[PDB]
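Enquirer: I am attaching a structure below and will ask some questions about it afterwards.
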Amino acid sequence: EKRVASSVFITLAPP
Amino acid sequence: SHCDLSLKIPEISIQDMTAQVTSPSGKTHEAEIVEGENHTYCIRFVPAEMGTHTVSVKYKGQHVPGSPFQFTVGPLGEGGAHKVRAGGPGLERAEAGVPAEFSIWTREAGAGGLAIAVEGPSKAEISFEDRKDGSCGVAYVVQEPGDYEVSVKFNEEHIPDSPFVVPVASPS
């Protein structure tokens, strides 16, 4: 039962 | 006072060690190294940016074993992960091979770093859509059916109801 990670990051700007 | 990284390294001396931190913007900065108990060195950096930072650590000009290291920063203790909300079908149920979609509302948290992770029996392809209406669209596609955990974090703190457990079926 294999478990892999995938992840992304987003820079959130001042609104 | 948080040691962004600690390294136990015998029979070196701190005055010949260098720790250079690269931020997501590509800016580099020199980290402070202090020697704790044992020969355990605390590497500390005050970040101006959120996200994963890289640190090269060299002794007498040579990378130490393990270098380059990376670490993630946050949270800041100012709010704010708790002000983010996420929801949609892609956080409830999905099908293998089919975009599983959801939204994230980040406007109340303000500036920071948003991380989306998908863990399970295959690698996810993740899509981001910036919208001018205060929300982010996210979609992911995973090839294999199974139970996936979808994590949404702001400055490395999970937002309310993260991590989401998502059963992914074969399409039908």
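We name chains A, B, ... following the order of the structure tokens; residues begin at 1 in each chain, and ligands are numbered from 1 as shown.
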Tell me which protein, DNA and RNA residues are within 10 Å of range 1-9 of chain A, counting only C-alpha atoms, leaving out same-chain ones fewer than 4 positions away, and put them as a PyMOL selection string.

Expert: chain B and resi 50-52+113-128+140+142+146-154

Enquirer: One decimal, Å: what's the distance from CA of residue 28 in chain B over to CA of residue 110 in chain B, could you say?

Expert: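 Rounded to one decimal, the two atoms are 24.9 Å apart.
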
Enquirer: Work out how far apart CA of residue 83 in chain B and CA of residue 108 in chain B are and give it in Å to one decimal.

Expert: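 About the pair CA of residue 83 in chain B and CA of residue 108 in chain B: they are 5.8 Å apart.
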
Enquirer: How many Å separate CA of residue 29 in chain B from CA of residue 63 in chain B?

Expert: 16.7 Å

Enquirer: I need the residues of chain A that end up classed as strand (DSSP E) by DSSP on the backbone, written out as a ChimeraX atom specification.

Expert: /A:4-12

Enquirer: Check the smallest atom-to-atom distance from each of B:53, B:8, B:58, B:39 to residue 25 in chain B using only C-alpha atoms, then report the winner.

Expert: B:53

Enquirer: Excluding range 76-81 of chain B and residues on its chain fewer than 3 positions from it, collect all residues at most 9 Å away from it, counting only C-alpha atoms, and give them as a list in words.

Expert: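 My list of contacting residues is residues 73, 84, 85, 106, 108, 109, 110, 153, 154, 155, 156, 157, 158, 159 and 160 of chain B.
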
Enquirer: With only C-alpha atoms as the counted atoms, please give the residues lying no more than 12 Å from residue 64 in chain B, apart from itself and same-chain residues fewer than 4 positions off, as an MDAnalysis selection string.

Expert: chainID B and resid 7:10 12 16:19 55:60 68:69

Enquirer: Restricting the calculation to only C-alpha atoms, which member of B:42, B:166, B:136, B:111 is positioned closest to chain A?

Expert: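 Comparing B:42, B:166, B:136, B:111 against chain A, the winner is B:111.
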
Enquirer: Find, counting only C-alpha atoms, the residue in B:70, B:49, B:44, B:65 that gets nearest to residue 11 in chain A.

Expert: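 Closest to residue 11 in chain A of all the choices is B:49.
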
Enquirer: Where does DSSP see helix (DSSP H, G or I) in chain B, if you list the residues as a short mmCIF file (atom, residue, chain, number, x, y, z; two decimals) with N, CA and C atoms, in the first residue's frame?

Expert:
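Final file, part00.cif:
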```cif
data_model
loop_
_atom_site.label_atom_id
_atom_site.label_comp_id
_atom_site.auth_asym_id
_atom_site.auth_seq_id
_atom_site.Cartn_x
_atom_site.Cartn_y
_atom_site.Cartn_z
N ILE B 14 32.94 26.32 14.95
CA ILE B 14 31.92 27.24 14.45
C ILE B 14 32.47 28.39 13.57
N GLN B 15 33.68 28.86 13.87
CA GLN B 15 34.24 29.98 13.13
C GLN B 15 34.61 29.69 11.69
N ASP B 16 34.65 28.41 11.32
CA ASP B 16 34.84 27.99 9.94
C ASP B 16 33.62 27.45 9.25
N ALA B 81 -3.95 31.20 9.83
CA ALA B 81 -4.38 29.99 9.20
C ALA B 81 -5.85 29.71 9.52
N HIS B 82 -6.26 30.08 10.71
CA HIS B 82 -7.61 29.87 11.13
C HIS B 82 -8.59 30.72 10.43
N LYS B 83 -8.15 31.72 9.69
CA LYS B 83 -9.05 32.57 8.89
C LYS B 83 -9.26 32.08 7.44
N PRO B 89 -16.12 19.72 -3.96
CA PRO B 89 -16.14 18.25 -4.23
C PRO B 89 -14.83 17.50 -4.18
N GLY B 90 -13.74 18.13 -4.66
CA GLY B 90 -12.43 17.57 -4.52
C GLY B 90 -11.89 17.38 -3.11
N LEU B 91 -12.50 18.02 -2.12
CA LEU B 91 -12.26 17.63 -0.73
C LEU B 91 -13.26 16.67 -0.11
#
```
